[PDB]
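> I'd like to ask you about the structure that follows.
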Amino acid sequence: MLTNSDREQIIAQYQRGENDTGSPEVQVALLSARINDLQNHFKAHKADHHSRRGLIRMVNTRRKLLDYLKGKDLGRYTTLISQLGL
RNA sequence: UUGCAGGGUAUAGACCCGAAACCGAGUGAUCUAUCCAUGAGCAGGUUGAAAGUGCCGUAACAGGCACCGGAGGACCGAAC
């Protein structure tokens, strides 16, 4: 998984405001970290379809938040995807 | 009966010539069959597999496109 410590590290890096932990930036960053970490699990467990269902839902949620953020403020979206390599 | 001569017969090549064979011991792989070692040859012209690289793409594999590469009891065709 991701520990509480590195989850809070990601939160702190992408804080738009003080202890917000809810903006599209921090949400997308946390989803990105979780997906990139779960890649390790699914390389060793290819037939884990029940877990892959949740990972696909993570991908879908990140895509929804990225499109919403792009439609809201395009500078923030172009900055966020550049930071996250998307 | 013993010689000598003659006719026949017996055993021997047994009137002469003639097999395809069978057996024994050698000679041959400078032809040819396969193999072993060690050398040599295959003008010229084609096609364009895998791999690779880049860009895109994918959550990631996947996938696409271009370039590139030079496979093959591959193709056309002399020597052979």
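Laboratory data are not the source of any read-out in this text; all were calculated from the coordinates shown. Note: ideal-geometry Cβ built from the backbone for every residue, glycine included; neighbour counts use all protein chains shown.
> Around A:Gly71, with a cut-off of 14 angstrom between Cβ atoms, what is the net charge of the other residues, counting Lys and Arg +1 and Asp and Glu -1?
Result for the local shell: +3.
> Can you list the HN-Hα couplings for the stretch A:59-74, worked out from phi with the Karplus curve (6.51, -1.76, 1.60; θ = phi - 60°), rounded to whole Hz and with x for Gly and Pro?
Each residue of the stretch A:59-74 in turn: 4, 4, 5, 5, 5, 4, 5, 5, 5, 5, 5, 4, x, 7, 9, 6 Hz.
> DSSP loop trypsin sites (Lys or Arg not before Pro) in the stretch A:26-66 with at most 15 other Cβ atoms within 10 Å of their Cβ, which ones?
Numbers: sites: A:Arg34, A:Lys43, A:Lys46, A:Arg52, A:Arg53, A:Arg57, A:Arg62, A:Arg63, A:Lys64; in loops: A:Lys46.
When the trypsin sites (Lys or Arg not before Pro) of the stretch A:26-66 are filtered for loop state and at most 15 Cβ neighbours within 10 Å, A:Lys46 remain.
> If you don't mind, another one. Taking chain A, which GluC sites (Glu not before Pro) meet the DSSP loop condition and have no more than 15 other C-beta atoms within 10 Å?
Values: sites: A:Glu8, A:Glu18, A:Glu25; in loops: A:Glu18.
Counting only loop positions with at most 15 other Cβ atoms within 10 Å, the GluC sites (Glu not before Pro) in chain A are A:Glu18.
> Relative contact order, percent, of chain A when contacts are C-alpha pairs under 8 Å separated by at least 6 residues? Each step should come with its number before you reach the end.
Values: 52 pairs, mean separation 22.3, N = 86.
Computed value for chain A: 26 percent relative contact order.
> Give me the number: length gained by fully extending A:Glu8 to A:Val59, i.e. 0.36 nm times residue separation minus the C-alpha to C-alpha distance, one decimal in nm. Don't jump to the answer; show the numbers that get you there.
Values: separation 51, 0.36 × 51 = 18.36 nm, distance 2.06 nm.
Taking A:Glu8 through A:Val59 to full extension adds about 16.3 nm, to one decimal.
> For A:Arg16 and A:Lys43, calculate 0.36 nm times their separation in residues minus their Cα-Cα distance, and state this gained length in nm to one decimal. Spell out each step's value before the answer.
On the way: separation 27, 0.36 × 27 = 9.72 nm, distance 3.36 nm.
Length gained, A:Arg16 through A:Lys43: 6.4 nm.
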